[PDB]
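Asker: The structure follows.
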Amino acid sequence: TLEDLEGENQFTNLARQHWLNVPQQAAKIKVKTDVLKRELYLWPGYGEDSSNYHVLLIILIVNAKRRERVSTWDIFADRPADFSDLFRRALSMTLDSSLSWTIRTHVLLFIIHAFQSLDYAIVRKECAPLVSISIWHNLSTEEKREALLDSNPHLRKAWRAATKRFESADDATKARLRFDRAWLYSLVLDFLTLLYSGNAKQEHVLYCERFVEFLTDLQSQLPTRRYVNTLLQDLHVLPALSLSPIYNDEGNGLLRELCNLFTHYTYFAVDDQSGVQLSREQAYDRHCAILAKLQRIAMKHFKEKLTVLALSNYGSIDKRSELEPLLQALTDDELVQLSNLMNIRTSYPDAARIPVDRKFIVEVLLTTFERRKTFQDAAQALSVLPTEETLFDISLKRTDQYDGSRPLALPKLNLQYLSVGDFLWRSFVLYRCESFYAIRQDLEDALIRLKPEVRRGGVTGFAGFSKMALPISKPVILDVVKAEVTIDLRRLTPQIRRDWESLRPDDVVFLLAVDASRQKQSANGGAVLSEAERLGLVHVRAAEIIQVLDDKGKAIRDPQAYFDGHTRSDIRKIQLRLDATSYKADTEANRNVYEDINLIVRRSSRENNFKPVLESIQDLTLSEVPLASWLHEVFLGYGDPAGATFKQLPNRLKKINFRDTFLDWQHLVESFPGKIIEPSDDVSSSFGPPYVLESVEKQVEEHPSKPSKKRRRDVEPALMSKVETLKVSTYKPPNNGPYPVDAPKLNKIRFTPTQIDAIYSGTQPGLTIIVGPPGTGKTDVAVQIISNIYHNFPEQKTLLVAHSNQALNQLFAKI
Amino acid sequence: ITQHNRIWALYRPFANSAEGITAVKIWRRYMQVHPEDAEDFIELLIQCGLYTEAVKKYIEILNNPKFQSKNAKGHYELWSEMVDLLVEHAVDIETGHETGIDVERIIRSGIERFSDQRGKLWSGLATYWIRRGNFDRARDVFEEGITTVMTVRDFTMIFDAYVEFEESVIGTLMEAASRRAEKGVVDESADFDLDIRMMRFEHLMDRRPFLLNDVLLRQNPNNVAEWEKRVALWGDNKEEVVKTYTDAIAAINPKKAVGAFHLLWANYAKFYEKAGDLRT
Amino acid sequence: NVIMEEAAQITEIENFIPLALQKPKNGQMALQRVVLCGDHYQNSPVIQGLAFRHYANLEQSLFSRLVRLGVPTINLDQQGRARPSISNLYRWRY
Amino acid sequence: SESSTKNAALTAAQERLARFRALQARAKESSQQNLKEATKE
């Protein structure tokens, strides 16, 4: 932590012995070595003559600030050249093999943190050459690069511009460009060498996990992914990681999950260059085209031996097991020739010492031809209702004990996303993980409070008392699935009985079967039990309670009368619909999960809305068009960020009736500083409310001046602000009747010019953001914008979304 | 309600003489009192073109086991009519997660309930998949129907339907290839697809005897004659013959054998002796 | 038209759900105006999972992401609810 | 050479037609065997 660095650390002692060796007779003042003071002293003292220890300390301080969600990029904004020199030194130290693996992992984590801070101008400028097209110069074959350049003319133009910039540069600039282009290739080669080095320790596994997380983060941002995906496909990082001994270890479950996440992100159905999200049909067509090209190459080269492989169908060759014998039929030389015919890399540098055998080539060919499920298919395959295995997942347990020391194989929200569907799938996955963690915590708390134990005869009983769960009998299926569960409220309090009897329709409940005797297997010196086996829980099934019935099976028409009246029987019947997927899985596996169920656990109504939110997220992910076309570029973080504003949209309203937005003419004049206001009529006198503002663009008179080409170099382009004429029109308001109640309500709040501009932006079509502090009258501006939208567009509907009910009540009171 | 019966008797001809959405709403409002004629309203759904409404009415009729058809129509006949209407109007029927309907689950339920007409349901599902433009899904459905048919008549009907669909696809591909070759345009992808279809048809024709042997073994695992026929159809493949012999040994019950398991054991011993494996 | 109040306290998924509450017509959405009022310097949404809030950045809001992306936003510079001393103490971050 | 190429193409077309006829005969025989097995079952 940051407070641990304030002590007498080894790095602080080394810095004091190396950098604080001044002979000045300083006073003996007991000043605490704060982290902020040390960072401020290191920032001004940084220079080109500083050693690598200062750069390592600065990188560690930046990582500690990023782990605490503190800004650190602003402190480097004062010195851009020093920041660039520090970044170059960190890049040089990352490729240096003399240092330990911990320093390399720290440098990789710092680079991954810097890659997630592309909003800063200096960080984006530093990371621009690292993910540029020059990495395409590190391809295995020139034919593949030529085909990629001929596929899109924009890529060829960018490559030509990069080549011209490299040729026109000096020697030091060309060396820096070559180092920036080859840094990613050197890092990939070092990762591949460390994966196949053997006898990997925990530091090597942590470095591999950090590299996988960095690759996933690079593939998550489209401007970097457009080269990162091509580099990973040319280098065959996934086939090398699949056959690596580090990922094959049983203890490296997090590394395997990170590799799976990186493979899912790299094989996403989205265009690398254009950035348009690809559907399932486009991905299927691309896979069919790749399979047809492979079959044509096999027929042209090895038709005598690979006739079955060339004549195989798309579904008969996409499977790894089906294509295993076809690839095993060809020899090593035949496999090498087939890989060279498809522009696939089959050899590596001798310095990396990457083992390239027939098994590695077969795995690469199987992974390249494997059909991969799309993001929509992965979102549809994910169950909304949590299960016993999903709640007790290894990834959830790893994320529960996360402290920032190691990466996690979960999606991360950033400033830019590959596609709207990918962002929706990531949000759905995060919401499902949070709901599963909350459900697992609630189930663990209920099992701890219930204190299950083994009674006489082997029947599992509950010794403790818990209000979050109740023991029940085995449920009986009524229709198919709708079932009836019998509960007893004789030992429950009146408040608990009232809470249990007031279950709303489709309420999320859990049917739990628990056997504590398996916990005795943990006491016999056997294998290590899981978290669910430690508490005795065996199975948990989600269900939706629809209705609550009495002991006679009749629905309670009056709940208040039943609660106030004397109940004859304390036994209640609850109608529960179990999930169809879990029931079908139990029926297919012939498992009697419902026969052993003996506990029913309820949840709070505020925290039982996760299933509908997950269903809505899955429906949005499966939807083809979940976002507007005008706001797609702004939401994706690509292109011009101001393109969604009203000043750039073609549907901007020229004339807008503000009605009673301005109290008088002076308020309207003061609300538009720097803009010329002219009355619509010929009367020079000021007019009161209501007022309508029409924005007229001032047409520049193109005078017939001579085309002088001499005075054109020193004439810089002046930022001439277009003075749009805000013509004010005054009209008599329509009377609504002679009664005093018929008089329309007028606003009595004098809005500021910033509030007036915000209201004008909100009234106009497009995207508007109002950054308002507390007490700035943002609710009043929102109410004024809603009133203006209702008055100007009676046929349009306005949907207000409030974070809290108090804000909605305040908005309703203002309206 | 007693007078509402006479009112509906005086309004049925009025609704029939009006037609359209108003008559559809009148029939929907009249189904809450006399649902026994609601199947006739399904005929109105035939007249109005609402295939989804007809499917929903059929599902609601099949959900209630106490419903009695006025026209003395059985539940199997109603299910077959609904399947035929779904196959004929697969394009006009909207399917999605918003409506909360599944055609595969209904097809599986119909196959499980009607075991004597499971091949007809599989053929209807294959025809619906072919009409939906999904050739791979139709091929997978045909393979699943061939691999899960207990009766050989249903398996033969499903195989004939799949062979007819494959022959139609191969003829269309050959016509497209001939049209491309006559125009001087060489399409390697179309020729590769035609060759792959021909190879798949040849593989299906070769594995049809294997599928018949598997169906015979599923009908009677203790039948040594089917195992002997499968071993004869294996030919010179020693590994396939050994696997078939092991499956026959592990599948045929010695206490319920209808054939001669000792004859199969003697044949295996003679094959081992002819291979020179006296110890085996 | 969609107007969101206190968008910085709502997650990105919760903000995108209200913007897609209606089915598209003829392949296009009927939404025209999207206004979001909030304060990026205020508290973010509450996340129970520490790994989701920190590593996965689930606590980040759509308004904060739009402000960090460089999109133009209108900043209110007038307050009339608290005293001048409290307003000046709260104006250091703004 | 474009003289014997026509004869080679004609021979290849005749071989392809013979292979297609053999495949059709095999399919018809398989259908007949499937019908006989269905009747037997």
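Because the Cβ atoms are built from the backbone with ideal geometry, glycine has one as well, and the counts that use them run over all protein chains shown. Each reported figure results from applying straightforward, stated rules to the coordinates on display, with no laboratory input.
Asker: Whether any residue in region B:252-261 is under 30 Å from A:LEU306 (Cβ atoms) and either away from chain A (no Cβ under 14 Å) or in contact with a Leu (Cβ under 7 Å, 6 or more places away or on another chain) (or both) is what I want to check. Working first, answer last.
Answerer: As a first pass, look at region B:252-261 and keep what is under 30 Å from A:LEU306 (Cβ atoms): none.
No, there is no match, as no residue in region B:252-261 is under 30 Å from A:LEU306 (Cβ atoms) and either away from chain A (no Cβ under 14 Å) or in contact with a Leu (Cβ under 7 Å, 6 or more places away or on another chain) (or both).
Asker: I'd like to verify a number: residues in region C:3-40 that are of a type in the set (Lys, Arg) and more than 8 Å from every other protein chain (Cβ to nearest Cβ), how many? Walk me through it before giving the result.
Answerer: First pass over region C:3-40, keeping only residues of a type in the set (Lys, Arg): C:23, C:25, C:33.
Then drop every residue that is not more than 8 Å from every other protein chain (Cβ to nearest Cβ), which leaves C:23, C:25.
Total meeting the criteria: 2.
Asker: If we keep just the residues of region A:792-813 that are crowded, with 16+ Cβ neighbours inside 10 Å and not hydrophobic (A, V, I, L, M, F, W, C), which is farthest from the other protein chains (Cβ to nearest Cβ)?
Answerer: Per the stated criteria, the residue is A:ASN792.
Asker: Among residues belonging to region A:760-770 that are at the interface with chain C (Cβ under 7 Å from one of its Cβ atoms) and surrounded by fewer than 24 Cβ atoms within 10 Å (Cβ to Cβ), point out the one that is nearest to the chain's Cα centre (by Cα). Give the derivation first.
Answerer: Filtering region A:760-770 for residues at the interface with chain C (Cβ under 7 Å from one of its Cβ atoms) gives A:761-762, A:765-770.
Going one step further and asking which of them are surrounded by fewer than 24 Cβ atoms within 10 Å (Cβ to Cβ), we end up with A:761, A:765-766.
Working: A:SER761: 29, A:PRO765: 28, A:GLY766: 25 Å.
It comes out as A:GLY766.
Asker: Does region A:286-312 hold any residues that are within 11 Å of chain B (Cβ to nearest Cβ) and under 30 Å from A:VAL625 (Cα atoms), and which are they?
Answerer: A:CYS288, A:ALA289, A:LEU291
Asker: Got a sec? Which strands (runs of 3 or more DSSP E) wholly within region A:516-614 have at least 3 residues that are among the β-branched types (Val, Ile, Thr)? Show your work before the answer.
Answerer: Working: elements: A:537-549, A:571-578, A:599-602.
Passing ranges, in order: A:537-549.
Asker: Return a yes/no flag: does region B:96-114 have any residue that is away from chain A (no Cβ under 14 Å), in a helix (DSSP H, G or I) and of a type outside the set (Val, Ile, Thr).
Answerer: Restricting attention to region B:96-114, the residues satisfying the condition of being away from chain A (no Cβ under 14 Å) are B:103, B:107, B:110-111, B:114.
If we keep only those that are in a helix (DSSP H, G or I) too, we end up with B:103, B:107, B:110-111.
Now restrict to residues that are of a type outside the set (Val, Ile, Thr): B:110.
Yes, region B:96-114 contains a residue that is away from chain A (no Cβ under 14 Å), in a helix (DSSP H, G or I) and of a type outside the set (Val, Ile, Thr).
Asker: Does region A:740-759 contain at least one residue that is over 23 Å from A:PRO690 (Cα atoms) and within 9 Å of another protein chain (Cβ to nearest Cβ)? Walk me through it before giving the result.
Answerer: Residues of region A:740-759 that are over 23 Å from A:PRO690 (Cα atoms), as a first pass: none.
Within region A:740-759, not a single residue is over 23 Å from A:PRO690 (Cα atoms) and within 9 Å of another protein chain (Cβ to nearest Cβ).
Asker: Can you name the residue in region B:165-206 that is closer than 24 Å to B:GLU143 by Cβ and exposed (fewer than 13 other Cβ atoms within 10 Å of the Cβ) and, of all such residues, is nearest to the other protein chains (Cβ to nearest Cβ)?
Answerer: B:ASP206
Asker: Can you run down the residue pairs with Cβ atoms below 6 Å, 6 or more apart or on separate chains, where the first is in region B:197-218 and under 23 Å from B:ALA250 (Cα atoms) and the partner is part of a helix (DSSP H, G or I) and among the β-branched types (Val, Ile, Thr)?
Answerer: Sorted first by the residue in region B:197-218, then by its partner, the pairs are B:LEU211/B:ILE146; B:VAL215/B:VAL152.
Asker: A follow-up question, please. Tally up the residues in region C:36-53 that are hydrophobic (A, V, I, L, M, F, W, C), surrounded by fewer than 23 Cβ atoms within 10 Å (Cβ to Cβ) and closer than 16 Å to A:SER804 by Cβ, please.
Answerer: 1
Asker: Given the options A:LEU187, A:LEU118, name the one that is of a type in the set (A, V, I, L, M, F, W, C) and within 24 Å of the chain's Cα centre (by Cα). Walk me through how you get there before you give the answer.
Answerer: Numbers: A:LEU187 fails: within 24 Å of the chain's Cα centre (by Cα).
Just a single option satisfies the conditions, and that option is A:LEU118.
Asker: Now for a separate question. Which residue out of B:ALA90, B:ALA38, B:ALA15 is under 30 Å from A:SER616 (Cβ atoms), surrounded by 11 or more Cβ atoms within 10 Å (Cβ to Cβ) and not charged (D, E, K, R)? Working first, answer last.
Answerer: Working: B:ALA38 fails: under 30 Å from A:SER616 (Cβ atoms); B:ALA15 fails: under 30 Å from A:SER616 (Cβ atoms).
The unique qualifying residue is B:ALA90.
Asker: Let me ask something else. Of a type in the set (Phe, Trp, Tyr), surrounded by 15 or more Cβ atoms within 10 Å (Cβ to Cβ) and touching a helix residue (DSSP H, G or I) at 6+ places or on another chain (Cβ under 7 Å): does that describe A:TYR402? Talk me through it step by step, then tell me what you get.
Answerer: Details: of a type in the set (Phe, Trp, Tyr): yes; surrounded by 15 or more Cβ atoms within 10 Å (Cβ to Cβ): yes; touching a helix residue (DSSP H, G or I) at 6+ places or on another chain (Cβ under 7 Å): yes.
Criteria met by A:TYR402.
Asker: Sticking with this one: Please go through region A:357-369 and give me each residue that is in a loop (DSSP other than H, G, I, E, B) and surrounded by fewer than 16 Cβ atoms within 10 Å (Cβ to Cβ), ordered by number.
Answerer: Taking region A:357-369 as the starting set, the residues that turn out to be in a loop (DSSP other than H, G, I, E, B) are A:357, A:369.
Listed by number, the list holds a single entry, A:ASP357.
Asker: State which residue is surrounded by the most Cβ atoms within 10 Å (Cβ to Cβ) when the search covers only region A:625-638 and only residues that are within 8 Å of another protein chain (Cβ to nearest Cβ) and within 20 Å of A:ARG280 (Cβ to Cβ).
Answerer: It comes out as A:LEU627.
Asker: Somewhere in region A:426-449, is a residue under 30 Å from A:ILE103 (Cα atoms) and of a type in the set (A, V, I, L, M, F, W, C)? Reasoning before the result, please.
Answerer: Initially, region A:426-449 is screened for residues under 30 Å from A:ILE103 (Cα atoms), giving none.
Within region A:426-449, none of the residues are under 30 Å from A:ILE103 (Cα atoms) and of a type in the set (A, V, I, L, M, F, W, C).
Asker: Next up: Which one is farthest from the other protein chains (Cβ to nearest Cβ) among residues in region A:385-405 that are under 21 Å from A:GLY536 (Cα atoms) and in a loop (DSSP other than H, G, I, E, B)?
Answerer: Among residues in region A:385-405 that are under 21 Å from A:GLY536 (Cα atoms) and in a loop (DSSP other than H, G, I, E, B), the one farthest from the other protein chains (Cβ to nearest Cβ) is A:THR387.
Asker: Can you tell me which residue within region A:213-227, out of those that are out of contact with any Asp or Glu (no Cβ under 9 Å at 6 or more places or on another chain) and part of a helix (DSSP H, G or I), is farthest from A:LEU366 (Cα to Cα)? Before the answer, list the steps.
Answerer: If we filter region A:213-227 for residues that are out of contact with any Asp or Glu (no Cβ under 9 Å at 6 or more places or on another chain), which is where we start, we get A:213-219, A:221, A:223.
Still in the running and part of a helix (DSSP H, G or I): A:213-219, A:223.
Numbers: A:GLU213: 24, A:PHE214: 25, A:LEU215: 22, A:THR216: 22, A:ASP217: 25, A:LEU218: 25, A:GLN219: 22, A:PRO223: 28 Å.
Across region A:213-227, the extreme among qualifying residues is A:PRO223.
Asker: Let me ask you something else. Determine which single condition A:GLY775 fails, assuming it passes every other condition in (1) within 7 Å of chain C (Cβ to nearest Cβ); (2) in a loop (DSSP other than H, G, I, E, B); (3) on the phi < 0 side of the Ramachandran plot.
Answerer: (3)
Asker: Which numbered condition in (1) β-branched (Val, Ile, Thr); (2) within 30 Å of A:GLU615 (Cβ to Cβ); (3) surrounded by fewer than 17 Cβ atoms within 10 Å (Cβ to Cβ) is the only one that A:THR307 fails?
Answerer: (2)
Asker: Are there strands (runs of 3 or more DSSP E) fully within region A:639-757 with at least 1 residues that are in contact with a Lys or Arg (Cβ under 6 Å, 6 or more places away or on another chain), surrounded by 12 or more Cβ atoms within 10 Å (Cβ to Cβ) and not aromatic (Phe, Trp, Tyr)? List them. Spell out the reasoning first.
Answerer: Details: elements: A:655-659, A:691-696, A:725-730.
Hits in region A:639-757: A:691-696, A:725-730.
Asker: So which residues in region A:93-119 are among the small types (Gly, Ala, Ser), more than 14 Å from every other protein chain (Cβ to nearest Cβ) and in contact with a helix residue (DSSP H, G or I) (Cβ under 8 Å, 6 or more places away or on another chain)?
Answerer: A:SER97, A:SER100, A:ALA114
Asker: Just the residues that are within 7 Å of chain A (Cβ to nearest Cβ), in a loop (DSSP other than H, G, I, E, B) and of a type in the set (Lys, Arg), please, taken from region C:41-83.
Answerer: Within region C:41-83, just C:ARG81 meets the criteria.
Asker: Hey, another quick one. I want to confirm something. Restricting to region A:458-505 and keeping residues that are among the polar types (S, T, N, Q) and assigned to a strand (DSSP E or B), which single residue is farthest from A:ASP558 (Cα to Cα)?
Answerer: Our first condition is that a residue be among the polar types (S, T, N, Q); within region A:458-505, this holds for A:460, A:466, A:473, A:486, A:493, A:495, A:502.
This time we only want the ones that are assigned to a strand (DSSP E or B), so: A:460, A:486.
Numbers: A:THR460: 36, A:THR486: 20 Å.
My answer is A:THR460.
Asker: Taking only region C:1-20 into account, find how many residues are more than 18 Å from C:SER44 (Cα to Cα), among the hydrophobic types (A, V, I, L, M, F, W, C) and in contact with a strand residue (DSSP E or B) (Cβ under 7 Å, 6 or more places away or on another chain).
Answerer: Number of matching residues: 3.
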